[PDB]
Enquirer: 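Sharing a structure with you now.
Remember, it's 1-based here, ligands and their atoms both numbered in the order they're listed. We name chains A, B, ... by the order of the sequence lines, and we start the count at 1 in each one.
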Amino acid sequence: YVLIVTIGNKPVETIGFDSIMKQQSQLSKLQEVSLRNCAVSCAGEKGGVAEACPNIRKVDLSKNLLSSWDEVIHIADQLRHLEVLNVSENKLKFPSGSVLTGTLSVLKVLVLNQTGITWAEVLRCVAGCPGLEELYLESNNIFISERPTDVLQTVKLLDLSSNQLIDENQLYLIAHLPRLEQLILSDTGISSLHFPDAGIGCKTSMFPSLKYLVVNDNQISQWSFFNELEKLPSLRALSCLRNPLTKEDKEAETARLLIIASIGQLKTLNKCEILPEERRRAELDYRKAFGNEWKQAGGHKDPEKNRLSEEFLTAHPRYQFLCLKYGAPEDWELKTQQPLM
Amino acid sequence: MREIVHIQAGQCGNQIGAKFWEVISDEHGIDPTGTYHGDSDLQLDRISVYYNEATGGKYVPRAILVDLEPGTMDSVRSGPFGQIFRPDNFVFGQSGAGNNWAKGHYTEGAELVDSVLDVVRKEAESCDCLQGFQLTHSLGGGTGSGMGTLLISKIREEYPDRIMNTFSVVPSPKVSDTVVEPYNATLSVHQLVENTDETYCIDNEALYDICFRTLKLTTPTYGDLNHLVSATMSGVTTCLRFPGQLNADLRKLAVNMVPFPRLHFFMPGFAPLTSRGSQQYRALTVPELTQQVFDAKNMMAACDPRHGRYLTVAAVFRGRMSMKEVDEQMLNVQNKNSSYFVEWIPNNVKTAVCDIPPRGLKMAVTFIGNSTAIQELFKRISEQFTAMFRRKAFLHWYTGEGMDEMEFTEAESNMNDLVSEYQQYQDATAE
Amino acid sequence: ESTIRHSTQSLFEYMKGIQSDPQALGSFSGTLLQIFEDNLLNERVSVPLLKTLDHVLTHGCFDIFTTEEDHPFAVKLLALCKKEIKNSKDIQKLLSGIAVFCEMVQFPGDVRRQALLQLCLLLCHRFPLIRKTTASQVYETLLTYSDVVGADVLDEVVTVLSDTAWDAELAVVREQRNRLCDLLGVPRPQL
Amino acid sequence: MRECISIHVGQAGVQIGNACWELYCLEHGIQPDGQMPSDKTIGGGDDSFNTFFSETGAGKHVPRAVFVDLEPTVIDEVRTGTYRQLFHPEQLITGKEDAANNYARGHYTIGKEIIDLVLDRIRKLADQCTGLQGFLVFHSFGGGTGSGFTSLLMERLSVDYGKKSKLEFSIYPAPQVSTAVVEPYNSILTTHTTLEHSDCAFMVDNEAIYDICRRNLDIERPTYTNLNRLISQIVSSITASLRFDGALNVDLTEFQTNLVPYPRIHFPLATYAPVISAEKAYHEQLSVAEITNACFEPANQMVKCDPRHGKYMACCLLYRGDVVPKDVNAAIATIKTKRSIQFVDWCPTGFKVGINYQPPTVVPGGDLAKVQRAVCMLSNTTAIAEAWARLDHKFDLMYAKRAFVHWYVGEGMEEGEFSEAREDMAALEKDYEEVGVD
Ligand SMILES: Nc1nc2c(ncn2[C@@H]2O[C@H](COP(=O)(O)OP(=O)(O)OP(=O)(O)O)[C@@H](O)[C@H]2O)c(=O)[nH]1
Ligand SMILES: Nc1nc2c(ncn2[C@@H]2O[C@H](COP(=O)(O)OP(=O)(O)OP(=O)(O)O)[C@@H](O)[C@H]2O)c(=O)[nH]1
Ligand SMILES: [Mg+2]
Ligand SMILES: [Mg+2]
């Protein structure tokens with residue numbers, strides 16, 4: 001922050017550069033610092049950073065020579081107003097729980113992408129910051145062997161992308177979180193997710209406040225994941241792009257309307273608000289598709305004649321709901337197209 | 001809130017308007033008393049387009065009925081729904097025009113034309129923003145033929161920024177044996193071309209043939225034709241009374257469906273074809289409806305849509321069909337490689353999808369296209385207009401009232417020019 | 001429609017008077033073929049002429065030329081039609097060609113067999129509507145003229161043209177086409 | 001200092017102004033009700049945000065905007081929106097009849113009984129400002145109203161407010177997102193009627209922004225809401241020059257001297273980078289060089305064109321966020337060594353670069369992420385003329401059969417206006433090529 005050319009046939013007129021140079025010289029008023037690829041190994045003599053830059057709101061220590069986590073904790077102590085922190089691309093060596101608390105009492109964001117950190121070290125490093133909201137952990141190969149108890153309570157966002165070592169058994173451990181509004185799982189290798197603790201129609205206590213969910217770039221080939229997602233108490237939004245089912249083909253749209261039919265509280269899909277007309281069309285299409293299957297496994301307009309097997313109830317638990325919303329499919333609606341001679 | 005003023009003139013015009021109003025009231029869920037009793041919130045989001053909200057939550061129609069003869073007036077006043085029409089919206093005389101166009105447009109129908117303007121102006125003063133007037137009459141007669149033209153010519157001078165739509169009912173020798181019908185039709189078409197933006201032609205010969213063959217009725221009466229006319233009218237005015245993605249107003253629809261000024265006659269239709277009494281027999285699908293909307297048998301005019309070019313195409317679906325299911329069907333019929341592909345169903349067609357189905361039917365469809373085949377409706381009257389003009393038969397009646405051969409030859413030249421333009425446009429390059 | 005309906009009736013009234021005289025019919029056919037040759041690859045006069053030829057053949061005007069095998073007139077007509085139906089893409093022009101090819105089966109001799117082959121080429125076109133129309137026209141022609149196919153093989157041809165979906169995939173329509181060709185004596189086409 | 005007034009017109013215009021004001025309030029910290037806890041004054045004159053907003057004695061901040069619409073369908077929702085207490089009721093004007101996709105209406109039929117009132121409302125805001133710079137028009141060529149009424153207001157103001165700048169932010173219609181079949185007629189009419197009423201005008205290809213939202217932001221079907229949030233970023237990056245205490249294009253008059261060399265030619269291409277989604281927030285960190293090089297990508301451009309096959313008359317770069325001249329020098333050198341672009345020897349203007357110490361901002365839970373740096377490149381090249389060529393194709397084909405022409409002549413229009421408008425378009429196209437002569 002404390003420190004001619006011609007393009008083709010004309011000069012470059014850099015204007016206002018002196019103002020920016022004079023504004024950046026004031027180290028006592030830098031509300032945001034970024035040292036990307038600046039060779040930052042240690043913190044230096046203590047007390048100097050607290051007096052030269054006593055006001056810092058965001059730091060970007062990405063791509064530096066930080067070898068130990070103590071060097072970062074030292075800078076975090078002098079910075080009392082540290083709100084956002086990012087120490088990605090650093091092979092830090094965390095201690096065995098020696099990091100004391102009080103160093104990050106106002107840290108709302110913390111990015112730890114490409115750091116080789118393990119699940120055992122995440123809990124020890126997030127010990128002196130109970131008010132942590134966002135916590136990114138992408139490209140780390142973390143194994144969820146334990147579960148939180150006295151830390152990671154107000155984690156509003158939890159990113160775990162680029163980690164092909166996550167399944168339902170590892171998600172159940174991080175499912176009892178109180179405040180979990182987002183859980184990104186892009187490129188995680190997941191392929192199935194169920195909730196045996198809840199039946200058809202009933203909700204599940206796992207991931208209650210999970211509003212937005214991301215599961216892009218996965219092996220989502222069964223409608224069993226979308227069918228299991230309905231058990232979630234809250235789930236206003238979902239992204240499932242680039243998958244075996246929702247491919248870039250022309251008929252892929254037919255799958256979209258299916259998703260809207262498998263969830264009742266889906267007010268947006270792939271960053272697209274689902275208007276009432278869209279939901280109505282999706283429900284009508286879903287009811288007309290399996291019209292023959294609903295009758296093959298028993299079913300009639302009169303409540304007297306009715307008997308659905310467990311298969312049709314587990315694969316299409318929401319069919320009975322639409323049966324009462326738009327009646328049952330009559331004998332004339334099950335003949336939309338047939339060959340002729 | 002765009003309001004539309006509906007006007008009815010002549011015996012046939014009033015008989016068609018009464019049936020159309022009864023149909024659109026039974027479909028909206030309005031008892032014959034005046035109150036509302038439907039079971040759908042969609043039947044009120046656009047009721048103001050044709051009903052005034054009077055005191056007490058009542059819905060007063062906006063139908064201005066006029067008739068020189070005191071016949072259909074009393075019948076509509078004591079009808080199943082006669083108690084709905086305002087009582088000072090009825091304007092009548094005693095003696096009509098005696099099947100003479102020069103009587104109901106100059107000496108007789110111009111005697112109540114002033115009371116008509118006062119009534120239509122008193123009715124429009126309460127509206128917040130008027131969109132366009134409407135008229136329902138038959139080219140046959142004098143009070144339907146001359147009164148409609150006189151009113152259309154008088155209202156355009158005081159409201160040039162309003163759309164003018166009509167529902168002309170071309171007569172036919174099979175329905176009526178009157179010989180002074182060709183002249184009344186020619187003089188009516190002469191005025192319905194230079195002072196009209198849209199005209200829905202409902203030929204009587206088509207409905208007669210339909211009732212003779214399709215319905216297999218013994219003696220097709222006027223009620224059988226009026227039922228089909230009201231059904232087509234209700235199916236055409238579906239977007240102007242119900243919500244939907246295709247929010248095409250009157251002016252927008254006229255601009256998108258009428259590229260030329262003079263050319264504006266459509267060929268309205270409706271499917272499936274039914275009759276009075278029973279109706280529930282067979283439930284149709286979307287493919288069957290699409291295959292039948294574009295058949296010359298489901299059309300209400302004696303014209304072959306296949307034989308002739310396609311200026312503008314439009315369709316309105318009514319029932320539990322989705323615009324997504326309709327688009328899939330409208331994108332495979334404009335493709336040859338596609339199976340069950342049709343050559344008369346053109347491309348760039350307008351398509352709609354409604355929720356509230358019609359009365360007595362769960363699924364239906366309406367067609368509002370404009371094909372060059374309509375020229376056949378103008379030539380059939382041309383011949384009958386020439387053979388009787390060379391001998392000067394029944395011309396003294398016209399010359400005595402005030403008319404002259406000048407207007408006759410002007411109308412003949414206008415019809416000839418229109419037919420020539422239609423024939424020229426029929427042979428046009430597709431791309 | 002009305003203009004065509006009137007012109008056809010006016011032309012039939014005149015043809016009825018020159019139907020027995022072979023010289024007049026020959027001169028008329030020669031003039032028609034000359035007009036066809038003049039306006040070739042023209043979408044202003046070719047389609048109307050092909051449409052009028054269908055009605056002329058359905059009415060039964062060229063009935064004297066049917067009592068002779070290998071008629072030069074019907075040969076040149078078929079040759080010009082094959083030229084006009086060469087790679088025909090639009091369905092409006094294909095319909096008239098199919099109608100003419102099915103209304104030309106009346107002429108015996110080499111014109112009967114060769115013409116039939118053309119119908120086969122239209123039974124496996126690039127569109128299902130064309131195949132369906134060709135099958136319908138062939139079925140109608142089989143009922144019109146009974147002396148074209150023997151009674152021993154007519155039953156098989158009628159049964160194959162009824163329970164066969166001509167608007168399906170070509171993989172299954174090619175088998176039916178080959179079966180019909182083996183029955184009608186038409187040589188197996190080659191791609 | 002000098003104030004400014006934004007006159008929004010049409011559905012697109014009113015939909016774009018609301019998002020722009022929301023972004024401005026989120027950046028400056030203005031609360032929904034209009035309360036700036038950081039401001040230490042009650043009136044305006046010493047701060048920097050007074051150019052766009054207006055202060056009062058009660059601490060209420062009334063945005064300097066004049067929203068005027070014909071169909072109340074959108075104004076009813078804009079009034080009862082989240083910022084109902086922000087905009088003043090008098091600033092929002094509604095009509096009683098829609099043009100229904102017509103220019104002769106939005107100009108003569110529905111533009112005559114509303115213009116007599118729009119001026120009285122604009123005068124109330126003009127009298128309060130001690131020194132007005134000009135006007136910021138926001139409309140679209142596709143919409144009949146947004147074109148006709150805007151052109152009528154523009155020329156009406158040319159008489160009164162003659163010694164004032166004039167700007168525009170039109171939206172070039174696209175075949176996919178087409179609402180009217182007469183889109184080509186209205187566009188060629190409004191471009192000819194106000195070719196002299198606009199000092200500078202910005203065009204937004206509906207196709208380019210749609211492709212950007214579908215690829216960059218990774219959206220299946222980008223709705224108008226998503227397209228308006230993305231354009232708000234560019235609008236804010238452009239207005240930052242006048243809102244903050246910068247040093248490049250601080251006044252509207254500077255735009256006509258540093259970007260619009262020729263008075264007739266006033267269609268400079270604009271591009272903004274980066275375009276990262278919300279999911280990939282902290283995925284990659286692009287320095288200034290990457291975002292500066294990405295500006296030369298046709299996919300990232302706001303209009304579909306090919307600047308590579310055309311010269312350059314004026315070029316202006318604006319950096320925002322953590323940016324240092326030492327790093328901008330690297331991008332400036334890369335633009336010359338790696339890339340290469342010619343320049344018009346007869347053009348007076350040249351290349352200009354500026355930096356602003358104001359980081360970007362995104363709406364909570366939006367589509368774009370809170371990037372660390374942003375770059376905006378405004379280049380006036382003749383390649384944009386291609387966008388005007390295709391537009392003339394459709395119009396020419398349609399007027400070949402004179403379809404939908406009677407609806408215009410019968411609404412206060414003459415048959416010669418169409419010939420004049422396409423004679424003007426031909427002259428503009430010829431001048432576009434004459435300017436780029438070797
Ligand atoms: N479809 C239909 N046609 C009708 C009806 N009433 C009359 N027509 C036809 O319309 C023509 C007669 O016109 P009207 O409507 O009866 O006459 P008007 O308009 O009252 O005129 P005046 O005879 O002068 O009193 C004839 O061609 C009738 O066949 C009807 O209810 N339905
Ligand atoms: N970018 C963008 N384009 C829009 C928006 N709304 C409409 N458009 C486009 O603008 C054209 C239609 O303009 P509108 O604003 O709907 O028209 P209007 O000004 O309301 O005038 P009318 O013709 O009377 O409806 C089409 O090309 C639309 O796709 C919007 O919010 N954003
Ligand atoms: Mg009468
Ligand atoms: Mg609008």
Enquirer: Check B:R2 with D:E71, please: is the shortest side-chain N to carboxylate O separation under 4.0 Å?
Expert: no
Enquirer: Please identify each residue that fulfils side-chain contact (heavy atoms from CB on, under 4.5 Å) with B:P70, with sequence neighbours left out.
Expert: B:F92, B:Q94
Enquirer: Among all protein heavy atoms, pick the one closest to atom 28 (C) of ligand 1 and tell me residue, atom and distance.
Expert: B:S176 CB, 4.1 Å
Enquirer: So which protein heavy atom does atom 7 (C) of ligand 1 come closest to, and at what separation?
Expert: B:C12 CB, 3.5 Å
Enquirer: What do you reckon, are the aromatic ring centroids of B:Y398 and B:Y183 less than 6.0 Å apart?
Expert: yes
Enquirer: Taking distance alone, with N or O pairs closer than 3.5 Å, would you say B:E69 contacts ligand 1?
Expert: no
Enquirer: What part of D:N228 sits under 4.0 Å from ligand 2 if we count only heavy atoms: the side chain, the backbone, both or neither?
Expert: side chain
Enquirer: May I ask you to list the atoms of ligand 2 that are less than 4.0 angstrom from any heavy atom of D:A99?
Expert: 24 (O)
Enquirer: Report, in ascending order of atom number, the atoms of ligand 1 lying under 4.0 Å from any heavy atom of B:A97.
Expert: 24 (O)
Enquirer: Determine, step by step, whether D:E411 and D:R105 satisfy the salt bridge (charged side-chain N to carboxylate O under 4.0 Å, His left out) criterion, reporting the C-alpha distance in whole Å, the side-chain angles of both residues, the deciding distance to 0.1 Å, and the verdict.
Expert: CA-CA 6 Å; D:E411 296 294 304; D:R105 290 213 91 187; 3.8 Å; yes
Enquirer: For D:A100, counting its heavy atoms only, list the atoms of ligand 2 lying under 4.0 Å from any of them.
Expert: 24 (O)
Enquirer: Closer than 4.0 angstrom: is that true for some heavy atom of B:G104 and an atom of ligand 1?
Expert: no
Enquirer: Which of parallel (below 30°), tilted (30 to 60°) and perpendicular (above 60°) describes B:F20 and B:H6?
Expert: parallel
Enquirer: Should you measure from each heavy atom of B:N99, which atoms of ligand 1 turn up under 4.0 Å away?
Expert: 23 (O), 24 (O)
Enquirer: Number the atoms of ligand 1 from 1 as they appear, then name those within less than 4.0 Å of a heavy atom of B:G10, with their elements.
Expert: 19 (O), 20 (O)
Enquirer: Closer than 4.0 Å to some heavy atom of D:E183 - which atoms of ligand 2 meet that?
Expert: 26 (C), 27 (O)
Enquirer: For B:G98, take its heavy atoms, then give the atoms of ligand 1 lying under 4.0 Å from any of them.
Expert: 24 (O)
Enquirer: Just to be sure I'm reading this right: ignoring hydrogens, which of B:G144, B:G96, B:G140 gets closest to atom 14 (P) of ligand 1? Compare them by their nearest heavy atoms.
Expert: B:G140
Enquirer: With a 4.5 Å cut-off on side-chain heavy atoms, are B:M147 and B:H137 touching?
Expert: no
Enquirer: Report the nearest protein non-hydrogen atom to atom 8 (N) of ligand 2: residue, atom name, distance rounded to 0.1 Å.
Expert: D:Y224 CE2, 3.6 Å
Enquirer: For atom 20 (O) of ligand 2, what is the closest protein heavy atom, and at what distance to 0.1 Å?
Expert: D:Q11 N, 3.2 Å
Enquirer: Is there a side-chain contact between B:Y200 and B:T232 in this structure, where contact means two heavy atoms from C-beta onward sitting under 4.5 Å apart?
Expert: no
Enquirer: Which atoms of ligand 2 are found less than 4.0 Å from any heavy atom of D:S140?
Expert: 10 (O), 13 (O)
Enquirer: In the protein, what heavy atom is nearest to atom 25 (O) of ligand 1, and what distance, to one decimal place, separates them?
Expert: B:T143 OG1, 3.7 Å
Enquirer: Measuring centre to centre across the rings, with the benzene-like ring taken for any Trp, is D:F67 within less than 6.0 Å of D:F87?
Expert: yes
Enquirer: Centroid-to-centroid, B:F265 to B:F378, below 6.0 Å?
Expert: yes
Enquirer: Could you list the atoms of ligand 1 found under 4.0 angstrom from a heavy atom of B:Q15?
Expert: 30 (C), 31 (O)
Enquirer: Any heavy atom of D:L227 closer to ligand 2 than 4.0 angstrom?
Expert: no
Enquirer: Any chance you could lay out the salt bridge (charged side-chain N to carboxylate O under 4.0 Å, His left out) test for D:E183 and D:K394, step after step, and finish with the verdict?
Expert: CA-CA 9 Å; D:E183 275 182 357; D:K394 306 153 196 79; over 6 Å; no
Enquirer: Starting from atom 16 (O) of ligand 1, find the nearest protein heavy-atom neighbour and note its residue, name and distance.
Expert: B:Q11 CB, 3.8 Å
Enquirer: Assess the side chains of D:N226 and D:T223: does a donor N or O sit below 3.5 Å from an acceptor N or O?
Expert: yes
Enquirer: Residue-level breakdown please: for B:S138 versus ligand 1, do any non-hydrogen atoms fall below 4.0 Å on the side chain, on the backbone, on both, or on neither?
Expert: side chain
Enquirer: In terms of relative ring orientation, are D:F169 and D:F202 parallel, tilted or perpendicular, with 30° and 60° separating the classes?
Expert: parallel
Enquirer: Could you tell me, atom by atom, which parts of ligand 1 come under 4.0 Å of a heavy atom of B:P171?
Expert: 27 (O)
Enquirer: Using the benzene-type ring in the case of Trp, are the ring centres of D:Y172 and D:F141 under 6.0 Å apart?
Expert: no
Enquirer: For atom 5 (C) of ligand 2, what is the closest protein heavy atom, and at what distance to 0.1 Å?
Expert: D:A12 CB, 3.1 Å
Enquirer: Does the side chain of D:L152 reach to within under 4.5 Å of the side chain of D:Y108, using non-hydrogen atoms?
Expert: no
Enquirer: Within the 4.5 Å heavy-atom criterion, are B:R251 and B:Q131 side-chain neighbours or not?
Expert: no
Enquirer: Counting non-hydrogen protein atoms only, what is the nearest one to atom 31 (O) of ligand 2? Give residue, atom name and distance.
Expert: D:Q15 OE1, 2.7 Å
Enquirer: With a 4.5 Å heavy-atom cut-off, do B:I16 and B:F167 have their side chains touching?
Expert: no
Enquirer: Decide whether an N or O pair under 3.5 Å exists between D:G144 and ligand 2.
Expert: yes
Enquirer: Below a 4.0 angstrom heavy-atom separation, can you tell me which part of B:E181, side chain or backbone, both or neither, approaches ligand 1?
Expert: side chain
Enquirer: Give me the residue, atom name and distance of the protein heavy atom closest to atom 1 (N) of ligand 2.
Expert: D:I171 CG2, 3.7 Å
Enquirer: Under 4.0 Å from a heavy atom of D:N206: give me the atoms of ligand 2 that qualify, with their elements.
Expert: 1 (N), 29 (O)
Enquirer: For D:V74, check side-chain contact (heavy atoms from CB on, under 4.5 Å) against everything at least two apart and list the hits.
Expert: D:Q11, D:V14, D:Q15, D:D69, D:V78
Enquirer: Checking a contact table here: which protein heavy atom is nearest atom 11 (C) of ligand 2, and how many Å away?
Expert: D:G143 N, 3.5 Å
Enquirer: Under a 4.5 Å cut-off applied to non-hydrogen side-chain atoms, are D:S232 and D:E22 in contact?
Expert: no
Enquirer: So which heavy atom in the protein is nearest atom 12 (C) of ligand 2, and how far is it from that ligand atom?
Expert: D:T179 OG1, 3.3 Å
Enquirer: Could you tell me if any non-hydrogen atom of D:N101 lies under 4.0 Å from any atom of ligand 2?
Expert: yes
Enquirer: Taking the six-membered ring for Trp, are the ring centroids of B:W397 and B:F394 within less than 6.0 Å of each other?
Expert: yes
Enquirer: Relative to the heavy atoms of B:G142, which atoms of ligand 1 are at a distance of less than 4.0 Å?
Expert: 21 (O), 22 (P), 24 (O)
Enquirer: Give the atom numbers and elements of ligand 2 that come within less than 4.0 Å of a heavy atom of D:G146.
Expert: 19 (O)
Enquirer: Would you mind reporting whether D:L217 and D:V275 have side-chain heavy atoms less than 4.5 Å apart?
Expert: yes
Enquirer: Under 4.0 Å, heavy atoms only, figure out whether ligand 1 is touched by the backbone of B:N204, its side chain, both or neither.
Expert: side chain
Enquirer: Can you tell me which residue and heavy atom of the protein come closest to atom 32 (N) of ligand 1, and the distance to 0.1 Å?
Expert: B:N226 OD1, 3.1 Å
